[PDB]
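In the block that follows, a single chain appears as structure tokens, in the form deposited without the partner chain.
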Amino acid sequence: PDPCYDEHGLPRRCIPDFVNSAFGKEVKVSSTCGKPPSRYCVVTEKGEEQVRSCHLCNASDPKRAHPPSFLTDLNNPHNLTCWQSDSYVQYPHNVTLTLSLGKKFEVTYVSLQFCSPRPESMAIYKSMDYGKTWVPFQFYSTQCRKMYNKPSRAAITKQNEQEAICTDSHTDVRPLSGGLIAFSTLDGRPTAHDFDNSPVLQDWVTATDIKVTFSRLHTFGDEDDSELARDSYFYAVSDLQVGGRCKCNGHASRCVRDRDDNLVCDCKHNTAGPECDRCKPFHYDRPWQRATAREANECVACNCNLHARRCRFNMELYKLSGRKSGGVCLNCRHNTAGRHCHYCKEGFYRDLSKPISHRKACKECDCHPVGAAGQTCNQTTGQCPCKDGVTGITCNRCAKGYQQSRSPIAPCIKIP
């Protein structure tokens, strides 16, 4: 039935399936050819020598068009579909593709398959917010310092596992077609074998949005002086994939769509939030944790003895509890008061025929106006303070050895 839970009832860690989060998703592209229609030449090889061809890009024409929708469409090797950029975009100048996922993902690989020859310099970035800000995932260039101001193949140390390497790898042509770029978020990082227990990595792989930027271009022609180049140079890619899973903090087996049309974890274990990053309301007894293989870490309910609908977590009480219970109740109802709403407030006492949860569990003090030396009774017992000859819970009768008078000042008087 439910993978988020045991054979019997018990919370166990759960993860959504690894998928290609890009598939069929519309990517935004800085440029697309065919408006206005345009000719493009491509120089290529029969292995010993250079052969050059020519073609047209027409947005209008399906057979001769190349939309951004071809980046994520179903990839068939034998029948290829390529997005193609404009021409005469080249350093400085970049073509940029961004993919909004609408929700936070754990990204394993970002991978590209190029129709043109691969870029001399390109960069992958991610966004953790919703497309406001961008931090570098990885750089690719022949000259790293000159292009991106990054050292060449910088070692990754435990000290910083979140820096982006810039490599000269995957900058080569050949291939002038079908070159792959595969970026791995966890590759060469010292705590990756430990990922589940490695928060900084768990942060690293977390993205809402993914951006690819192509900067410098190979010139495969390749006259000096005044050369109005006979050859156009562009960027063309048949496939863009980002592999990974919806980020649920181990608290969900799946993500789903809202009544508000938003992708969110279908959150289990008494958790809430788009990432399951925090506890569901009234569930504040212990603090929030990421589910692990060893520990499910379900948010547990506050105990209000059915007298309060909201509570808050107190870390200090949690600690002094032996890290057992930290919740305290808010705005107890039904004339109760205290951490757990476990006692009646002043002016009331605890009727002990009724269970602590009972809505009537706290009776109003009924303290007899004449036989009692004061109005507020004992919260736990119900006993009113009793003037000298008087007894009863309510201070309503005379003791043995005492006789009743008609006086409101002195109701019970000792015999001889």
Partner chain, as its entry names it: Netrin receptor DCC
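By rigid core we mean the largest C-alpha set that fits within 1.5 Å across both forms. Numbering follows the first chain given and starts at 1.
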Q: Note how many residues of the deposited chain are left out of the model between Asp222 and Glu223; the options are none, 1 to 3, 4 to 9, and 10 or more.
A: 1 to 3
Q | Which of 97-105 and 139-147 has higher mean CA B factor, as the PDB entry lists it | A | 139-147
Q) Would 307-315 or 166-174 have the larger average of its C-alpha temperature factors, as given in the entry? A) 166-174
Q) If you check the C-alpha B-factor for each of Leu10, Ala399, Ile15, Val19 in the entry, which is highest? A) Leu10
Q: Can you pull the Cα B-factors for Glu298, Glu275, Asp86, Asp239 from the entry and say which is highest?
A: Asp86
Q. What third of the chain, by the recorded C-alpha B-factor, contains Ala372?
A. lowest
Q: For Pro92, return the chain-relative third of its C-alpha B-factor as stated in the PDB record: lowest, middle or highest.
A: highest
Q: Using the B-factors in the PDB entry, rank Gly250's C-alpha atom against the chain and give the third, lowest, middle or highest.
A: middle
Q: Tell me, lowest, middle or highest third: where does the Cα B factor of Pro37 rank within its chain?
A: highest
Q.
Ranking the modelled residues of this chain by C-alpha B-factor as given in the entry, is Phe234 in the lowest, middle or highest third?
A. highest
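Only in words, not in the display: the form deposited with the partner chain bound, which the text now covers.
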Q: Run the contact test on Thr142, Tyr148 and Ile393 with a 4.5 Å heavy atom cut-off to the partner chain in the entry with it bound and return yes or no.
A: no
Q: Just one of 335-343, 291-299, 128-136, 108-116 has residues with a heavy atom within 4.5 Å of the partner chain in the entry with it bound, so point it out.
A: 108-116
Q: Classify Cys14 as contacting or not contacting the partner chain in the entry with it bound by the rule of any non-hydrogen atom within 4.5 angstroms, answering yes or no.
A: no
Q. Contact between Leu74 and the partner chain in the entry with it bound at 4.5 Å, heavy atoms?
A. yes
Q. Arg278 near the partner chain in the entry with it bound, any heavy atom under 4.5 Å?
A. no
Q.
I'd like to know whether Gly401 contacts the partner chain in the entry with it bound, with contact meaning heavy atoms within 4.5 angstroms.
A. no
**Q.** Contact assignment for the partner chain in the entry with it bound, among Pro36, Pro62, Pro369, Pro355, heavy atom within 4.5 Å
**A.** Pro369
(Q) For the stretch 245-259, I need every residue with any heavy atom inside 4.5 Å of the partner chain in the entry with it bound, listed N to C. (A) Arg245
Q: Identify which of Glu346, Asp203, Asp129, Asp261 has its C-alpha displaced by 2 Å or more between the shown form and the other one once the rigid core is superposed.
A: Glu346
(Q) Tell me whether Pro355 is among the residues that move between the shown form and the other one (Cα shift of 2 angstroms or more, core superposed). (A) yes
Q. Relative to the superposed rigid core, does the CA atom of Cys311 travel 2 Å or more between the shown form and the other one?
A. yes
Q: Look at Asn331 and decide if its Cα position differs by 2 Å or more between the shown form and the other one after superposing on the rigid core.
A: yes
